[PDB]
Amino acid sequence: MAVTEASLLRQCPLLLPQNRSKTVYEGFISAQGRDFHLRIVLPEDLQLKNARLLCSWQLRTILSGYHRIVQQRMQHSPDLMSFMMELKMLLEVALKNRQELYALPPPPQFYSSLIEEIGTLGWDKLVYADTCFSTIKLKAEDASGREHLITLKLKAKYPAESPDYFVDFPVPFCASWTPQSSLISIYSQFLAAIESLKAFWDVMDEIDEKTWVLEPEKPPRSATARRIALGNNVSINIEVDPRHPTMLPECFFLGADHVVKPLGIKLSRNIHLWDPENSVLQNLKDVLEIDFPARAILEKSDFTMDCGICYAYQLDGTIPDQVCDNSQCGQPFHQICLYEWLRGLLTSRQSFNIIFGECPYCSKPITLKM
Amino acid sequence: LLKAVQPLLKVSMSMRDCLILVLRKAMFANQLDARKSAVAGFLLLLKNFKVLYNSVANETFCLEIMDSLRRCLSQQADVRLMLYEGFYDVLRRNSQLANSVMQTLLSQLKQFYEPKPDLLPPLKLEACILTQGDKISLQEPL
Amino acid sequence: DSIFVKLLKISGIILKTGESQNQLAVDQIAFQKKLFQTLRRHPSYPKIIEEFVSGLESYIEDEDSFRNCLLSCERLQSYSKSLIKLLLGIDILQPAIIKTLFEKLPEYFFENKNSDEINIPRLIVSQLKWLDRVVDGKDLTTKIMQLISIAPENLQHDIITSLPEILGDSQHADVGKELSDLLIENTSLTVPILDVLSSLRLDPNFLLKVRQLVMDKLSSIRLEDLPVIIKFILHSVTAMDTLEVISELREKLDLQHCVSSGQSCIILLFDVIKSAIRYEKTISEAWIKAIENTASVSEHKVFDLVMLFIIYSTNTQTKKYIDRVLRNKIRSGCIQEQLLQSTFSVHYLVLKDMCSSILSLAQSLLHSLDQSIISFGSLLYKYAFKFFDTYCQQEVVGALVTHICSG
Amino acid sequence: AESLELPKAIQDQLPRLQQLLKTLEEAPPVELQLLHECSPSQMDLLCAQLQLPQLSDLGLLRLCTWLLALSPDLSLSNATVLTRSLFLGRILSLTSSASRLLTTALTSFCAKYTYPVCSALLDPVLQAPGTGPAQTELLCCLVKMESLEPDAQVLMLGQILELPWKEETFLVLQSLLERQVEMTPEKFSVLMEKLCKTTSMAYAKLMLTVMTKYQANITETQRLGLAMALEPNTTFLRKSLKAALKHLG
Amino acid sequence: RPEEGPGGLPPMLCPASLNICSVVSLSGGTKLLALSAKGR
Ligand SMILES: [Zn+2]
Ligand SMILES: [Zn+2]
């Protein structure tokens, strides 16, 4: 209402004037379905410039770090009405910013309904459940016979709201959630998406097995690029369209100016022989007219494909990719290390995104394109 | 332009779906050329976007485009005559939709054909002219 | 035991359960005209139509059977049209069927993409596409428009898009007017409308009118959507419309108002412009004639640089002209520090690209008299060197030396 | 006339603040921390003294920007007063769709103090006549705000349930019920009670949407009242309702 | 883990030991000395 005769009742239902002269208010204030004890003594007159405000220790614990805001509102604020308005909204904010202290689930619906749906599913799918029953992780199999996991994080009310679904595979899963839909519904959506992608998975697993995956190491299921090794100290990375995997990916070659050219030229002339009925490897073989090494490892266990500047493999994800256009050096480098070096030198001139300089080891012209 | 492009398109998905999306809006369009351009674009997508992705996911997309093009057999003479020059070559590089193509032609044939024998003008020559307000014009160059 | 089903079986269609495409024993033409002449010879001949659609409406309160009535029919002897479409070849049943079709459609607003990813609403709009005859174009139009006007977005988006098959050459202009009322009514939805009004069959003065109905609310577009409009405006240019439109726009457009998605969308903007100005000699020249006609107000804005630099970089025929204007305007106590500072504090990432363009200019300015000019040509170098690449830095010091030893 | 004086600091610092605003047409000072020190009555008095309503739309937002940098926040009240002061004239001026700035403004501001803002503006923009295309679009956009909190949407729903309903008050409500917002049967039953009392499409769309998304909420009691409401086949798309209506029983 | 929202807590599958005592070894693992309620 307009007058604080009724508006006070309407907006603080549980504040009981104790004295005849409305001077001791006591009882509860509401917040996020939670009542908190409060005795708010005023002077003989209606002044908040001077008022007492005492609490339950629960209450003070929650309004730790606003004691000043409280004092300021008491002294600046017109009436009690808006005092309680502001205080209440402030309690709302305190709690939401401490959101991590909440979520008693309703057991008569939760723990039972969840077990019933786990029964409906079957106990070969599930892989993980938290002691608080917040986090779950489930398995399904491909027709290929691959384990694909799916984490769900469920709320105090699972059926009410959508369970947040976290999944490895690359393209985004969309789940048409109704409160009528369930774990089985979303599992079926997951199976649908799975069986949709299977082709892409078949391609990725076929490359991981029959080729030397280089840049990704035990790659996860979201990864669509594949830095493959081929010949020696030349790589090709491939990023694949998840919907059209068999379709031509985005492709390129790292390595020697003299090595990389004939690959580019061969790619240009043959690309029409590419055919999306075959596998990516079976198409690469006929387009690039070569076969791949399968992890040429033990022979050359200290041959130093490493930076030759920092002398290390694996600089902060980065790999020795930039090489010398020379038969006698072939000394690989890092982008990072060769830029940092060549920047210093007198001889080094920078065009737009390129630096020409001398190879550290052999002092021959080497080009770096950032 | 569009011949040059296609080595892109068997490779690409994104670009193909863009070309189609654009040509869609050239077919309803206001200026004349938009149609004969969108026709030329489909003819050439059907031609070299598959011999016959997955074949099940080409035969429905081709038969979708063909659904578009039955409209163009409806449109005026210039836009038709392009499809009669074009269908031979479509079939030549992409044989399999001959069974959809020929019906599509045969149905357009039937609209001018009088299939009772010993009826002496065997063809409807008087419906192959659009005359309104003394504009005397070929539609359907039979 | 219903007139509909009975007379459908008489006319030679097999009316099925709901789980597969409905068969057809006879030709579609034969079927259509047979159904017509059977009802004609039937008593209560105008009145049977009500009972006909009553039988139809009672049947299709099952969704699956309705789907089969909407789906492509089975041909015994090899693919054919949908039953509802085939009913809608007939002039006498058409208006009512449309009425009933339309009537219930809004049950299907919320329960979309059910089972096998099927769009019952796009199903049912599609069922109108390319009717040879619609009897009462006006009735169709007014219902369909009331539909757009009320209905939620996603769906209405689809309707909007799908308007130009549907409408006959009768009524495009009508639809023209009601969308223009949607346009001033609805900001959210300038975009597809724009596509549709581009692909409909119209009067140009109408299209001009609506174009201004954009630009008055060009203040009021959501940011993402700016690009897409502006292209239209610069396709809605003739050789004669140009200054007018650019002048209003050159006033209207802010670049100050618009603030990570912000910068991306701004780039999109300049790109779209970039593509326009690329392609109309008329636009580039006229831009600059409608900046120099705003030499008068020394309150003209950031955009009036960025455009020049862009237009210098992009368009080369103009190089002399921008430099003439830039000297003439900066001499006048217009373009200054506060502008040039503001340009390179927010719009570096725009200008990063136009590295070589800024400095061709800076080199043009220091060869002058009038410390006002040379101050500007310097400040150019300072910002150039602050914000850009290391290559730009090298070029700065390169050209500084060139002054120092020659100048 | 009421003989309110601003705190002494403010009457003295009044010209510093009047200096700052001018700058912002063409990081927040501690002078701006002094907006706290104003009571909203005092602020009401000040914002009138500052001449907030006069701004460019550019400047308005820049300032909103600046008021959102307040640590601590503006109290529910100032923000109220402010918003009343900053915007309301601007909204009530509106002939056309509100400017993207103001779009941005109202969104911007509403984001943090979504309740104070729409607490302030909701009621009076709607109990206004001449409330037209543009305005309703602002309130729709408010209720589609991603920020706009479940609890806050319900406070919004709460406060819309106070109002006089016409054409415009449904359009707000639909678009807010199109965000599938939970209810007490109290609020639900009064939405329905309110709703049921009549040829306007808005009427129906509202009806339709509630019957479908909130079926699960609807008692038989409600369903009977829907029955009476569409008795008038002045209602279009009647047949649709009847299906949904029937589908519940 | 500032600190921690809820206290969700494991047993180590021992009974009611009242009057616990911990010594930090870091010699293995942590090794503590307790009195079970039954007098052990
Ligand atoms: Zn290195
Ligand atoms: Zn070397």
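Couple of notes before you dig in:
- Hydrodynamic analysis of the protein assembly as shown uses the Kirkwood radius over alpha carbon pairs. Inserted into Stokes-Einstein at 10 °C and 1.306 mPa s, it gives a translational diffusion coefficient of 42 µm²/s.
- Estimated FRET transfer efficiency when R0 is 60 angstrom, pair A:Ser188-A:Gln75 (beta carbons, to 0.05): 0.45
- Summing charges over all other residues whose Cβ lies under 13 Å from the Cβ of C:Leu253, with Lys and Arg as +1 and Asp and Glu as -1, gives 0.
- Per-residue HN-Hα couplings for segment A:343-356 [Karplus 6.51, -1.76, 1.60; θ = phi - 60°; Hz; x = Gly/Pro]: 4, x, 5, 4, 5, 5, 10, 9, 7, 6, 10, 9, 10, 9
- Inter-label distance, C:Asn328 to B:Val22: 3.8 nm, where each label sits 7 Å from its Cα along the C-beta direction.
- More than 11 angstrom apart: percent of Cα pairs within segment C:2-47: 68 percent
- Averaged over peptide B:21-30, the number of partner chain Cβ atoms lying within 10 Å of each residue's Cβ comes to 3.
- Shape call, segment C:110-160: gyration tensor on alpha carbons, a/c limit 1.5: oblate
- For chain C, taking Cα atoms only, Rg and Dmax work out to 31.5, 108 Å respectively.
- Chain A: most fluctuating residue of A:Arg60, A:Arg295, A:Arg343 per GNM, C-alpha cutoff 10 Å: A:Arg60
- Between A:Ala129 and A:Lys137, the built amide H atoms are under 5 Å apart, and every one of these is 5 or more places off in sequence or on another chain.
- A cut-off under 10 angstrom between Cβ atoms defines the neighbours of A:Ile355, and their net charge, with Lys, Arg +1 and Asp, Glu -1, is +3.
- 12 Å beta-carbon shell around C:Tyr383, net charge (K/R +1, D/E -1): +2
- Virtual paramagnetic centre 7 Å along Cα→Cβ of A:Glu117, amide N under 20 Å, in segment C:115-129: C:115
- The mean number of partner chain beta-carbon atoms within 10 angstrom of a residue's beta-carbon across peptide E:4-13 is 2.
- Against the compact-protein benchmark of 2.2 N^0.38 Å, the Cα-based radius of gyration of segment C:14-127 scales to 1.09.
- Prolate/oblate/rounded label for segment A:124-183 (Cα gyration tensor, a/c 1.5): oblate
- Shape class for chain B: oblate, because the ratio a/c of the largest to smallest gyration tensor axis (alpha-carbon atoms, square roots of eigenvalues) is 1.5 or more and b/c is at least a/b.
- Averaged over C:125-133, number of beta-carbon atoms from partner chains that fall within 10 Å: 1
- Applying 1/(1 + (r/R0)^6) with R0 = 30 Å to the Cβ-Cβ distance of C:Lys382 and A:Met370 gives a FRET efficiency near 0.75.
- Using bins of 10 Å that start at zero, the share of Cα-Cα pairs per bin across segment C:297-379 amounts to 17, 57, 25, 0, in whole %.
- Cross-link pairs beyond the 27 Å C-alpha cut-off, checked among A:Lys285/B:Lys50; A:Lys369/C:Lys386; A:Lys88/A:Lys153; C:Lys209/C:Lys320; C:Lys34/D:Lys239; B:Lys47/B:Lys116: A:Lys88/A:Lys153; C:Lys209/C:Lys320; C:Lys34/D:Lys239; B:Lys47/B:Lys116
- The distance separating the Cα centre of segment A:250-311 from that of segment C:69-98 comes to 57 Å.
- Two-site label geometry, A:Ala175 and A:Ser363: point separation in nm, points 7 Å out along Cα→Cβ: 6.6 nm
- Working note: 222 nm ellipticity from helices only, DSSP H runs with n ≥ 4, each -39,500 (n - 2.57), summed and divided by the residues of chain A, gives -9500 deg cm²/dmol to the nearest 500.
Read-outs: derived from the displayed coordinates by stated rules, not from any lab. A quick note on method: Cβ atoms are made from the backbone with ideal geometry, for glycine too, and the neighbour counts reach across all protein chains shown.
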